[PDB]
J.: 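The structure that follows is given in the form of structure tokens.
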Amino acid sequence: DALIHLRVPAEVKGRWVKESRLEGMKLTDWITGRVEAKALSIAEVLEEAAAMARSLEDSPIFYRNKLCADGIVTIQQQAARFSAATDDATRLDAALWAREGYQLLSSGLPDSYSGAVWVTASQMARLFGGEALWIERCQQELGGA
Amino acid sequence: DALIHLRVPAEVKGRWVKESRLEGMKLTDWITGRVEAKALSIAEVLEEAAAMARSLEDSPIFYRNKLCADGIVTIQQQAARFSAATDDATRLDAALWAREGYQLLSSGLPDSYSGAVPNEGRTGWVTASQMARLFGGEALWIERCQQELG
């Protein structure tokens with residue numbers, strides 16, 4: 001642990017304290033969260049994607065066609081596999097297959113589809129992002145320290 | 001002046017000290033500028049980030065690798081899409097995708113440099129840091145975008 005001495009005008013500290021608690025946070029956590037610029041972790045993406053996929057399985061989208069069914073199932077299976085993993089090789093493989101599940105689901109829906117709790121189309125596309133970026137994120141989080 | 005005692009892992013402080021010093025700033029000024037920047041509107045962030053990206057497109061970093069080129073182009077295309085949109089769902093999608101372009105560019109930048117400090121034109125280093133100051137982290141960006149466009 002290290003200590004940073006932040007000397008700011010009293011007006012500025014007061015404003016930060018008010019926004020800090022206004023957002024439901026301790027001042028140090030609020031400041032740190034505003035300094036860092038990190039993407040969502042792969043683990044966070046897969047947890048969110050599995051939740052969305054669960055919601056979709058409980059909807060007509062699950063039986064719209066086989067691409068939708070196979071993608072919804074694949075996302076949930078691979079998110080659970082990632083979460084249960086005890087080594088990075090398994091995490092990497094599961095993250096790649098989870099994205100494949102997302103690709104199956106999005107391929108089976110109309111381009112720019114509007115969903116129903118789109119819960120499928122826009123949201124999940126922004127969650128997984130582009131392929132090249134996904135691969136870089138997977139290698140930096142799971143390829144070794 | 002008031003005093004805030006910020007406790008972080010030594011690794012995190014080291015990274016912040018290194019980047020602040022690379023930009024020629026005091027650590028407190030660097031931190032303060034990144035905290036205050038998160039009050040900017042989404043539209044203002046995208047306008048500034050797109051202009052920054054335009055400058056990088058005209059620089060050697062654009063030709064370093066496909067990650068940099070595609071990230072630089074994505075920031076500009078999605079800022080333009082945001083500006084031309086006529087509904088909030090499209091604005092939201094474009095604003096989120098613009099930050100994705102920043103993240104893609106960031107993945108392609110050099111992490112080391114020759115000489116006393118990085119040559120800005122071939123590394124995009126401090127420009128990327130300014131983008132990081134505007135966009136922040138993805139979770140916070142998503143929250144700001146939903147508060148303005150959700």
Side-chain angles (χ1 to χ4, degrees), chain A residues 2 4-6 8-10 12-17 19-20 22-25 27-42 44-45 48 112-115 121 124-141 145, chain B residues 2-17 19 26-39 66-67 70-71 74 89-90 92-93 95-97 99-108 128-129 131-143 145:
Chain A
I4 298 168
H5 290 270
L6 274 193
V8 290
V12 168
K13 176 177 182 186
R15 191 167 30 85
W16 290 4
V17 166
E19 183 67 23
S20 170
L22 194 139
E23 299 180 22
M25 281 196 278
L27 186 61
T28 294
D29 295 328
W30 181 83
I31 289 171
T32 296
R34 286 193 167 206
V35 172
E36 299 283 24
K38 301 154 151 183
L40 296 182
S41 64
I42 299 298
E44 179 59 34
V45 168
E48 292 187 19
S112 286
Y113 183 66
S114 305
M124 273 201 31
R126 295 284 73 77
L127 192 60
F128 277 95
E131 183 180 19
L133 172 63
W134 183 254
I135 286 158
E136 297 301 308
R137 295 162 72 182
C138 279
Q139 283 301 336
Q140 75 195 18
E141 178 170 334
Chain B
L3 163 64
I4 299 162
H5 281 184
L6 194 63
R7 315 222 150 80
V8 292
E11 317 75 84
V12 174
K13 178 178 180 188
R15 191 167 32 86
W16 294 358
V17 168
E19 181 58 26
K26 304 171 161 222
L27 177 61
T28 301
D29 296 333
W30 186 84
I31 287 167
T32 298
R34 282 191 172 196
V35 174
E36 299 281 15
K38 302 308 182 297
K66 180 170 174 56
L67 299 167
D70 284 351
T74 293
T90 301
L92 173 61
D93 188 64
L96 294 184
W97 196 342
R99 190 193 178 287
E100 190 189 315
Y102 156 75
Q103 199 68 57
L104 177 58
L105 165 63
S106 175
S107 84
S129 176
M131 287 178 261
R133 172 177 59 81
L134 291 189
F135 280 120
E138 181 174 1
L140 179 60
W141 182 243
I142 286 163
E143 177 188 324
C145 281

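Within every chain, numbering begins at 1; the chains are lettered A, B, ... in the order of the sequence lines, protein sequences first and strands thereafter. Just so you know, these numbers use all the heavy atoms, side chains as well, and skip hydrogens, waters and symmetry mates.
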J.: How many angstroms lie between atom CD1 of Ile4(A) and atom OG1 of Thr28(B), to the nearest 0.5 angstrom?
T.: 8.5 Å
J.: Identify the two heavy atoms, one from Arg126(A) and one from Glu138(B), that lie closest to each other, and give their separation to 0.1 Å.
T.: O-OE2, 4.2 Å
J.: Who are the side chain to side chain contact (heavy atoms under 4.5 Å, CB included) partners of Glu136(A), not counting sequence neighbours?
T.: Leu67(B), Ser107(B)
J.: Could you walk me through whether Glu19(A) and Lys38(B) pass salt bridge (charged side-chain N to carboxylate O under 4.0 Å, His left out), step by step?
T.: CA-CA 12 Å; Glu19(A) 183 67 23; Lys38(B) 302 308 182 297; over 6 Å; no
J.: Given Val35(B) and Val35(A), is the side-chain contact (heavy atoms from CB on, under 4.5 Å) satisfied, shown in steps?
T.: CA-CA 6 Å; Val35(B) 174; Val35(A) 172; 4.1 Å; yes
J.: Between atom OG1 of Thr32(B) and atom CZ of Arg34(A), what is the distance when rounded to the nearest 0.5 Å?
T.: 12.0 Å
J.: Quick one: of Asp70(B), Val17(B), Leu104(B), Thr74(B), who has the most non-hydrogen atom pairs under 4.5 Å with chain A?
T.: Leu104(B)
J.: For the atom pair CD1 (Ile31(A)) and CD1 (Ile31(B)), what is the distance rounded to the nearest 0.5 Å?
T.: 7.5 Å
J.: Which atoms form the tightest heavy-atom contact between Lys13(A) and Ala2(B), and what is the distance?
T.: CD-CB, 3.8 Å
J.: Grab the two heavy atoms, one from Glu36(A) and one from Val12(B), that are nearest each other, plus how far apart they are.
T.: OE2-CG1, 3.6 Å
J.: To the nearest 0.5 Å, what is the distance between CG (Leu6(B)) and NE2 (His5(A))?
T.: 10.5 Å
J.: Verify, without hydrogens or angle tests, whether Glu100(B) (side chain) and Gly130(A) (backbone) share a donor-acceptor contact under 3.5 angstrom.
T.: yes
J.: Would you name the heavy atoms of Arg99(B) and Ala39(A) that are closest together and state the gap between them?
T.: NH2-N, 4.1 Å
J.: List for me each residue that meets ring-ring contact (aromatic ring centres under 6.0 Å, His included) alongside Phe135(B), sequence neighbours excluded, and say none if there are none.
T.: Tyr102(B), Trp141(B)
